[PDB]
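Enquirer: Handing you this structure, nothing more for now.
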Protein chains: 2
Amino acid sequence: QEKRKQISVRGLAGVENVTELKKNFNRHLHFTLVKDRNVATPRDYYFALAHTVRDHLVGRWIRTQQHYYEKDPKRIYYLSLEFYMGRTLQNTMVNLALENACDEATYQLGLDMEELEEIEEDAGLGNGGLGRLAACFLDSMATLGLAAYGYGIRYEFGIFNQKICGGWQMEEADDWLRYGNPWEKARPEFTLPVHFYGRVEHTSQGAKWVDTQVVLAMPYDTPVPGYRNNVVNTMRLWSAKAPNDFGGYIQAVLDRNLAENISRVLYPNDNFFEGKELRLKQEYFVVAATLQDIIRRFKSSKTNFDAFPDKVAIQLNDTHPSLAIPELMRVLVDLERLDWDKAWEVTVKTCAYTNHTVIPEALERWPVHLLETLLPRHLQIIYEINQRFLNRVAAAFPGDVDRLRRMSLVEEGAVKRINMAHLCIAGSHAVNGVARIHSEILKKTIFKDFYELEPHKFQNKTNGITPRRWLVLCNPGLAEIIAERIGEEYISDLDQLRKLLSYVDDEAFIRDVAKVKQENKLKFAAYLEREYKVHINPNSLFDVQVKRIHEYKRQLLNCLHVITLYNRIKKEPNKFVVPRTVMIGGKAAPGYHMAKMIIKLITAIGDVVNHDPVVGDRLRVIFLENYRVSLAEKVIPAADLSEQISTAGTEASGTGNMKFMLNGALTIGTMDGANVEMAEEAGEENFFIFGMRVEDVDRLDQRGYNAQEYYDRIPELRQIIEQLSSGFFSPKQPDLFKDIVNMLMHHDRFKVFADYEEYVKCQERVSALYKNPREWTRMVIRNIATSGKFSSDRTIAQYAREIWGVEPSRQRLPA
Amino acid sequence: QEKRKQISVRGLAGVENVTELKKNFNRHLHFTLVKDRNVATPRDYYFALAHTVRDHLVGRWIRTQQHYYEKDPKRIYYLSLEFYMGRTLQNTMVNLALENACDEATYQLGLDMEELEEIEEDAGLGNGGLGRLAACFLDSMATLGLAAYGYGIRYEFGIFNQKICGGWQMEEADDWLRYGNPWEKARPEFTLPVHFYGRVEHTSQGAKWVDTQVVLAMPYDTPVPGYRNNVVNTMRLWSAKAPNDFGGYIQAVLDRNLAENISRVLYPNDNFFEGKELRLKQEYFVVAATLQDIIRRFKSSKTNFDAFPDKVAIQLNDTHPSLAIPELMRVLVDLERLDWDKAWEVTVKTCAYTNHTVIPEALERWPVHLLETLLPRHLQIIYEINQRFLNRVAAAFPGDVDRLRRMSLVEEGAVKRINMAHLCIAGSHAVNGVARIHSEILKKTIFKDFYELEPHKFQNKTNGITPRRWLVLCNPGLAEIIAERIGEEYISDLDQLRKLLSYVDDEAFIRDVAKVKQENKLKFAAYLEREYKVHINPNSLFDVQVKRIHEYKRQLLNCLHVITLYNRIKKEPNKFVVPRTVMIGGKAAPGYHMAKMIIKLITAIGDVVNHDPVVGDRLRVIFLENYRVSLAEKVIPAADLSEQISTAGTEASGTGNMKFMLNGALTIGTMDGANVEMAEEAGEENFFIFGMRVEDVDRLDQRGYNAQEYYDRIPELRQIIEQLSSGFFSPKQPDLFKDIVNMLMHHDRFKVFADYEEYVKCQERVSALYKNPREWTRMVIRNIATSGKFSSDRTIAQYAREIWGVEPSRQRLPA
């Protein structure tokens with residue numbers, strides 16, 4: 001489009017720069033791709049552009065790392081099993097101010113850059129919120145000029161590709177590397193050994209871990225560009241490789257696959273501990289290889305380890321990399337020969353832990369037998385940490401034996417386990433939750449005893465999202481109308497969006513916000529038509545619930561509301577209702593039966609609603625296939641209503657909530673997670689808040705939740721449960737949804753029925769405001785304008801100042 | 001060295017070319033390797049040079065393939081399970097006339113190009129002679145301007161790396177891709193499906209192969225440059241990939257490894273049929289994917305398949321790709337719907353078979369049950385081919401039922417099998433052996449009945465070696481002294497070496513041939529000192545036997561001679577003997593017990609001989625570790641004496657024999673394989689020929705070989721067998737060599753003792769000539785001068801004119 005090249009936030013199309021981009025495009029098509037224009041495909045053109053853009057990172061990548069060596073700042077190591085990065089081409093162009101130049105160069109070559117961008121595979125190396133937070137954090141750490149290093153695993157297969165077949169989720173391997181990854185640099189020369197199994201000999205000058213099996217860790221380094229500051233940081237992802245030296249010869253070569261399976265595939269558990277040995281091996285793999293780099297780089301700076309916490313921070317993204325605590329102790333004591341007490345002082349000052357969930361089934365609780373077999377020296381070190389930690393508890397709280405049992409790292413029972421959260425708190429100088437309400441409940445309840453011992457350890461760091469990917473990349477139209485009024489500083493100073501409150505009565509700004517939303521809705525409809533031949537009514541409210549499928553996130557409550565809308569149309573067909581397209585998307589864990597039944601229920605509801613001639617285009621319910629970072633970038637800018645309807649107390653923070661608020665959707669939600677802070681920033685009058693608060697959920701727990709009472713008192717709810725039970729939504733298999741009904745009626749931990757009446761009433765208010773386009777858009781302006789707190793730049797600045805002890809800077813490196 | 005840059009055969013160091021090479025080297029170090037001079041290692045510098053040199057192939061690679069599309073010549077498909085390519089950097093520089101320019105550019109950058117060349121991994125995708133012949137053939141087909149396509153498998157692990165530990169072979173995985181392969185281009189867009197298992201439904205319009213398991217074949221294309229003719233051909237190697245769509249989800253992802261194991265590792269059997277299913281899958285994998293390319297490219301030329309054999313040749317390197325015969329029939333009949341008779345006419349005119357061995361245990365004889373399960377439609381087609389073929393036999397030779405049983409493709413017994421050689425002869429218009437003596441024995445004996453049916457099918461194509469890798473690359477000093485007298489035309493017209501017979505009395509040429517040998521000996525000694533801290537006496541005759549370890553190649557006969565030399569020194573210590581360094585190298589198949597015992601015997605003989613103070617430096621025996629193409633390039637130019645001592649009738653051709661003759665070694669050998677033709681070309685007076693001829697071996701077989709008779713009649717032999725038996729060469733384990741003694745005395749198929757006396761006497765004559773350096777060197781000149789027949793250019797010109805029906809050309813493509 002000619003239109004999109006006039007977007008000033010996308011930079012300058014300099015004549016020499018355009019000429020050079022075309023030259024290098026053609027150079028890569030020839031020398032790199034070994035193609036000519038006769039045979040070249042759109043994929044070949046995508047790769048020629050990707051190589052051309054990647055070359056623009058290299059000088060800044062080398063100079064940035066040279067700068068950190070020379071200036072010797074404190075280094076931040078961000079350890080995560082997940083980095084949900086998405087696509088890289090657009091993000092690179094945005095951060096280097098190359099987007100308009102590349103759009104013009106490709107146009108001059110007879111190509112549409114947006115078609116080329118759709119060829120790129122997502123780097124889907126995460127499940128959901130935690131993994132995407134790691135990705136936004138890498139972006140903000142580079143934008144803030146921090147000497148920050150993301151460390152994780154290079155999964156051969158990321159989160160599975162979801163296909164919907166006969167209304168059911170099917171899973172296929174996410175072969176994201178099939179055509180190569182042009183962004184990464186393989187570093188085989190920097191391969192390190194990781195040890196497993198073996199035994200401890202206690203001997204010579206102390207303990208020695210012997211007779212181990214080795215797996216090599218081969219690093220792949222990916223550039224992480226800051227926003228227009230010439231900073232390019234590194235994400236290092238480890239790949240498993242069989243060791244150099246060793247059923248017979250052929251079988252021994254094939255059996256190299258077993259070690260190499262450590263990095264083969266992302267475990268698709270979101271919020272659930274499965275306890276597989278292979279997952280424990282992945283966790284140790286990342287920790288062991290990463291801490292070897294940390295120690296080596298420390299020793300090569302400007303051995304005495306008193307200075308180690310002044311030069312190193314290790315941030316633990318959940319408990320997944322918790323083995324960093326005993327691994328650091330193992331290296332410092334067994335290899336560097338530090339006294340235990342000195343080693344422990346260093347470890348606690350180096351490490352900090354971010355907690356992401358309250359749900360008990362999420363908590364990592366590894367059997368001691370498994371740790372004994374796989375990591376015998378680490379289990380010895382965990383026991384020693386536990387003895388010394390509980391000695392501190394016993395001294396602070398003399399005779400409180402109940403408190404000792406509650407705080408122990410060792411959990412008793414038929415299977416003895418290590419509570420990895422307790423290990424992280426003991427071994428960390430800072431423990432944070434991820435929204436105000438969550439961090440408070442860690443202090444008040446979940447970790448109350450630990451808070452009472454060491455109150456100074458407990459912090460809050462409300463989550464955030466990067467306004468590069470989640471505004472400038474995905475919604476250039478909105479980014480442009482904002483920049484037209486307040487300039488471009490807001491892109492790395494998002495609190496400047498508050499200036500937009502000056503425009504709540506500005507006719508041109510009201511017109512333009514609505515125009516941009518409508519453009520985004522047309523573009524999303526065009527995507528569904530092009531990729532799926534699915535039609536949506538463009539004259540409908542786009543009601544969107546996208547996130548992983550879980551009982552706690554209550555996609556089932558949304559289902560009850562969609563059926564309510566359907567039954568109310570059938571009862572009073574002549575009554576006008578605001579037309580809606582209700583879109584639900586997200587992946588279910590392959591083993592999570594209830595979540596897979598919920599996906600089938602959503603499609604089955606569509607099979608009735610979307611074909612009923614009385615309804616026609618007044619209501620449609622669609623299941624958005626294969627929800628992932630690139631799809632979020634398409635649907636979130638199109639959304640009118642953001643569904644954030646978790647049971648109060650269950651969602652620690654959320655981040656999709658923030659993405660919707662930044663992109664001009666109004667929110668319907670509970671007072672849960674960061675929704676509380678979003679409502680505070682915008683004013684509750686600008687949010688559709690409904691349902692039980694935490695205190696109400698707790699009062700129901702005290703007397704007992706009886707779903708039958710709700711069924712007995714609410715006729716419209718009874719009608720729906722009877723439709724589900726009798727086969728109205730599965731006439732070929734009338735008992736198909738029996739397990740959902742049984743769960744709702746008798747075993748619902750998430751109290752769906754208890755929020756049904758307030759939710760339906762709140763949804764009526766949504767429809768009432770949508771009937772007034774001017775007031776809808778003015779309320780949207782009040783939301784976009786107060787979204788600034790939810791920048792991950794704010795979040796990272798707080799981590800830097802309050803945990804890591806480093807001062808952020810938006811100052812440019814030279815060219 | 002300044003010296004080596006004055007070698008005119010290595011081309012011009014043009015000022016602009018040197019400037020451009022340095023610029024692009026530095027460009028690749030920055031943009032490709034993401035390194036600076038501060039961190040760069042010798043490996044990084046090797047890769048910067050490799051990328052710089054590879055870029056010089058690309059324009060010619062694209063133009064060559066465009067030229068074949070435009071001119072539409074007949075295409076030659078060379079199918080092999082092995083391509084023993086060696087290293088690529090030097091070969092590329094030689095063939096593009098870039099060697100002196102690259103040597104000067106690297107020198108100006110403060111680097112030694114020869115040190116950089118030693119960093120490159122061999123592409124060790126073969127076992128020995130057959131695989132190396134495929135590699136020399138790709139080089140000669142490009143030099144002769146043929147539209148030739150090599151097709152094979154991209155093994156992740158080639159022939160195992162051999163370590164010698166306590167005197168024994170140990171095997172390690174050959175991880176040749178650890179640091180990447182800069183020469184290949186991955187072509188994931190050209191991935192094709194290969195089918196396995198399933199069943200035949202006979203139905204609709206005929207047979208259909210259904211319910212199969214799919215493995216994808218992903219091609220990697222490697223350039224194959226001709227010698228200074230601007231021709232760059234392609235070697236396409238297929239890599240196994242699991243199919244797009246599918247113990248649970250995690251196990252299903254891990255289980256992708258099973259399909260991917262098809263291309264994991266080269267079977268290290270040289271001359272032995274093991275019958276593993278995985279090997280049959282590799283063979284079908286190559287054939288199925290390759291023939292899909294052949295059919296698609298035929299259809300896109302300038303469907304009627306009458307023209308198919310005018311546009312396609314398929315050359316079968318041994319029986320390994322024999323399934324090409326029934327696969328072509330399957331495609332033509334089941335997919336293209338040709339009449340059987342028409343399909344068979346086309347298949348026989350397209351296919352030709354090269355036989356490489358006479359040893360019965362080498363012959364591929366697949367169980368029918370295995371073929372039925374894995375390839376049910378192919379087994380049906382093989383049975384139909386067999387019925388129609390035997391009907392022809394029965395018509396030509398009425399009532400010769402014995403002949404029908406002998407010629408059948410089906411072998412009867414406790415396990416019914418398919419004789420793949422018989423399938424290849426039935427389905428090929430040409431069958432060739434690989435030296436005159438071998439091709440004659442195919443007609444006279446091995447395939448006598450097939451010869452009697454179709455005499456016109458049987459041909460000879462004496463093997464050859466490329467004089468690029470095996471003279472100009474590996475022995476630039478010799479190449480230069482030759483070019484000083486006869487110019488450079490001989491490099492792709494090797495019969496011009498006959499002009500050197502004019503120099504047998506030329507004092508300067510005699511001086512220079514000896515000088516070059518001595519330089520090569522110093523360089524090889526320096527290699528053993530640098531890499532192994534092994535000293536060799538530079539004032540010794542270098543007696544070299546390098547080839548795979550087999551009983552038929554009689555490394556054991558060489559052992560008997562080394563012990564003879566040792567015992568004769570001990571008996572008469574004051575008697576002068578020509579000092580020797582006896583070098584033996586080669587790999588044993590991991591399952592071949594006798595070959596592994598022979599390696600241990602060679603090292604054990606060294607353990608005594610090399611430490612005996614009476615012997616000191618008069619005799620040394622060393623086992624050259626990890627013999628492979630790059631080591632051949634080092635040791636062969638250093639050799640004085642070439643050991644080619646197979647039992648008469650056992651070595652079909654040989655090619656190492658040829659390499660030694662071209663590089664200035666004299667040969668000691670039997671009248672076996674190509675040794676017969678080498679002696680004919682040079683004159684038998686210039687060869688150390690000894691031992692039984694084939695007719696003598698056959699006469700011993702008729703009366704029975706009794707090793708005891710030799711033992712009883714030859715005291716020096718009895719002394720050695722008693723030393724082996726009593727533990728003289730294994731004092732810590734006196735019975736260690738019992739199995740070798742038992743085999744020699746009672747079960748020796750290769751008649752070692754029957755050639756012992758003639759071999760020792762012949763070796764005396766070698767020593768007598770070595771005492772006369774002038775006459776030694778004059779005999780060497782007579783050998784180098786008559787080595788021209790053994791160019792693979794001669795071999796390929798014969799394949800082209802006599803089998804493929806194409807005329808070779810040494811004419812240049814434009815720049």
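To be explicit about the labels: the chains of the structure tokens are called A, B, and onward in the order shown, and within each one the residues are counted from 1, while ligands get numbers from 1 in the order they are shown.
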Residue 270 (chain A): which residues within 9 Å, counting only C-alpha atoms, same-chain residues fewer than 4 positions away excluded, as a compact mmCIF listing (two decimals) with N, CA, C and O atoms, in the first residue's frame?
Expert:
# COMPACT_ATOMS: atom_id res chain seq x y z
N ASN A 127 4.93 -21.06 26.13
CA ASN A 127 3.54 -21.55 26.22
C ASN A 127 2.54 -20.40 26.23
O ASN A 127 1.42 -20.58 25.71
N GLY A 128 2.86 -19.32 26.93
CA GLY A 128 1.91 -18.23 27.17
C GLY A 128 2.55 -17.05 27.85
O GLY A 128 3.58 -16.54 27.36
N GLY A 129 1.98 -16.64 28.99
CA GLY A 129 2.33 -15.36 29.63
C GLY A 129 3.77 -15.29 30.08
O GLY A 129 4.43 -14.30 29.81
N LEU A 130 4.24 -16.30 30.80
CA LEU A 130 5.60 -16.33 31.36
C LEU A 130 6.64 -16.21 30.24
O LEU A 130 7.65 -15.47 30.35
N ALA A 362 0.59 -26.09 39.94
CA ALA A 362 1.67 -25.48 39.14
C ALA A 362 3.03 -25.64 39.81
O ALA A 362 4.06 -25.50 39.14
N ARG A 548 -4.31 -19.12 26.80
CA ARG A 548 -4.35 -20.60 26.95
C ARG A 548 -5.68 -21.06 27.57
O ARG A 548 -6.29 -20.34 28.36
N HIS A 550 -7.85 -22.89 30.02
CA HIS A 550 -7.77 -23.38 31.41
C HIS A 550 -9.12 -23.22 32.07
O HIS A 550 -9.79 -22.22 31.83
N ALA A 588 -4.85 -25.84 24.26
CA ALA A 588 -5.00 -26.73 25.42
C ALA A 588 -3.76 -27.61 25.51
O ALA A 588 -3.28 -28.11 24.47
N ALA A 589 -3.26 -27.85 26.72
CA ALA A 589 -2.19 -28.84 26.90
C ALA A 589 -2.67 -30.19 26.39
O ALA A 589 -3.82 -30.58 26.60
Enquirer: I'd like the neighbourhood of residue 301 (chain A) as a list in words, where a residue qualifies if any of its atoms comes within 9 Å (using only C-alpha atoms), though same-chain residues fewer than 2 positions away should be ignored.
Expert: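 Non-adjacent residues within range: residues 69, 72, 297, 298, 299 and 311 of chain A.
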Enquirer: Ranking B:746, B:172, B:74, B:229 by minimum distance to residue 61 (chain B) and counting only C-alpha atoms, which one comes first?
Expert: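 Residue with the minimum atom-to-atom distance to residue 61 (chain B): B:229.
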Enquirer: Of the candidates A:23, A:37, A:703, A:208, which one gets nearest to chain B if we count only C-alpha atoms?
Expert: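 Closest to chain B of all the choices is A:37.
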Enquirer: Using DSSP on the backbone, list every residue of region 46-220 of chain A that comes out as strand (DSSP E or B), and give them as a ChimeraX atom specification.
Expert: /A:75-79,83-86,123-125,148-153,157,161-165,168-172,185-186,192-196,199-202,207-210,213-220
Enquirer: Could the residues of chain B that have an atom at most 7 Å from chain A be listed as a tab-separated table, each with its closest atom pair and the distance in Å to one decimal, counting only C-alpha atoms and ordered by chain and ascending residue number?
Expert:
residue	atom	partner	partner_atom	distance
B:31	CA	A:55	CA	6.2
B:34	CA	A:58	CA	6.7
B:55	CA	A:31	CA	6.2
B:58	CA	A:31	CA	6.4
B:172	CA	A:245	CA	6.0
B:173	CA	A:253	CA	6.6
B:179	CA	A:188	CA	6.1
B:188	CA	A:179	CA	6.1
B:245	CA	A:172	CA	6.0
B:246	CA	A:172	CA	6.8
B:249	CA	A:590	CA	6.7
B:253	CA	A:173	CA	6.6
B:254	CA	A:261	CA	6.8
B:261	CA	A:254	CA	6.8
B:590	CA	A:249	CA	6.7
Enquirer: At a cut-off of 8 Å, using only C-alpha atoms, what residues contact residue 652 (chain B)? Leave out same-chain residues fewer than 5 positions from it and give the result as a compact mmCIF listing (two decimals) with N, CA, C and O atoms, in the first residue's frame.
Expert:
# COMPACT_ATOMS: atom_id res chain seq x y z
N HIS B 356 31.58 -54.10 -8.98
CA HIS B 356 32.89 -53.83 -8.34
C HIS B 356 33.51 -55.02 -7.61
O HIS B 356 34.60 -54.84 -7.00
N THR B 357 32.89 -56.17 -7.55
CA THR B 357 33.55 -57.21 -6.71
C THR B 357 33.14 -58.58 -7.16
O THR B 357 32.09 -58.70 -7.68
N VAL B 358 33.99 -59.54 -6.83
CA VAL B 358 33.81 -60.95 -7.23
C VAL B 358 33.59 -61.74 -5.93
O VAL B 358 33.11 -62.83 -5.99
N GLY B 433 32.57 -54.34 -15.73
CA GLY B 433 33.55 -54.47 -14.66
C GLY B 433 34.50 -53.28 -14.68
O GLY B 433 34.37 -52.38 -15.54
N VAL B 434 35.46 -53.28 -13.75
CA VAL B 434 36.21 -52.05 -13.43
C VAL B 434 37.71 -52.21 -13.72
O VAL B 434 38.45 -51.30 -13.43
N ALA B 435 38.12 -53.30 -14.37
CA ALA B 435 39.46 -53.47 -14.97
C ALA B 435 39.35 -54.63 -15.95
O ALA B 435 38.44 -55.45 -15.83
N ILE B 437 40.88 -57.44 -16.49
CA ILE B 437 40.92 -58.82 -15.96
C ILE B 437 39.56 -59.16 -15.31
O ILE B 437 39.07 -60.30 -15.42
N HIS B 438 38.98 -58.19 -14.62
CA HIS B 438 37.70 -58.34 -13.89
C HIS B 438 36.54 -58.45 -14.88
O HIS B 438 35.70 -59.35 -14.75
N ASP B 672 46.95 -58.68 -10.44
CA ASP B 672 45.54 -58.64 -9.98
C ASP B 672 44.97 -57.27 -10.33
O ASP B 672 45.73 -56.29 -10.27
N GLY B 673 43.70 -57.23 -10.69
CA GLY B 673 43.00 -55.97 -10.95
C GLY B 673 43.72 -55.11 -11.97
O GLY B 673 44.24 -55.61 -12.98
N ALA B 674 43.77 -53.82 -11.70
CA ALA B 674 44.37 -52.85 -12.64
C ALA B 674 45.90 -52.94 -12.57
O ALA B 674 46.57 -52.32 -13.42
Enquirer: Give me, as a ChimeraX atom specification, all polymer residues having an atom no more than 9 Å from residue 277 (chain A), counting only C-alpha atoms and skipping those fewer than 5 positions away in the same chain.
Expert: /A:282,370,374
Enquirer: Set the distance at 8 Å and use only C-alpha atoms: which residues neighbour residue 754 (chain B) once local chain neighbours fewer than 6 positions away are removed? I'd like the list as number ranges by chain.
Expert: B: 691-692, 707, 710
Enquirer: Please save C-alpha atoms of the selected residues as a compact mmCIF listing (two decimals), in the first residue's frame.
Expert:
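selection.txt, freshly written:
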# COMPACT_ATOMS: atom_id res chain seq x y z
CA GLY B 691 53.34 -64.38 -6.86
CA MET B 692 50.64 -66.69 -8.20
CA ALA B 707 49.17 -74.32 4.25
CA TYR B 710 54.54 -74.30 3.08
Enquirer: Please report the interatomic distance between CA of residue 431 (chain A) and CA of residue 351 (chain A) in Å with one decimal.
Expert: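 Computing the Euclidean distance for CA of residue 431 (chain A) and CA of residue 351 (chain A) yields 9.4 Å.
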Enquirer: Would you compute the distance between CA of residue 699 (chain B) and CA of residue 442 (chain B)? Give it in Å to one decimal.
Expert: 19.3 Å
Enquirer: If you measure from CA of residue 227 (chain B) to CA of residue 143 (chain B), what distance in Å do you get, rounded to one decimal?
Expert: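 Calculated distance between CA of residue 227 (chain B) and CA of residue 143 (chain B) is 5.2 Å.
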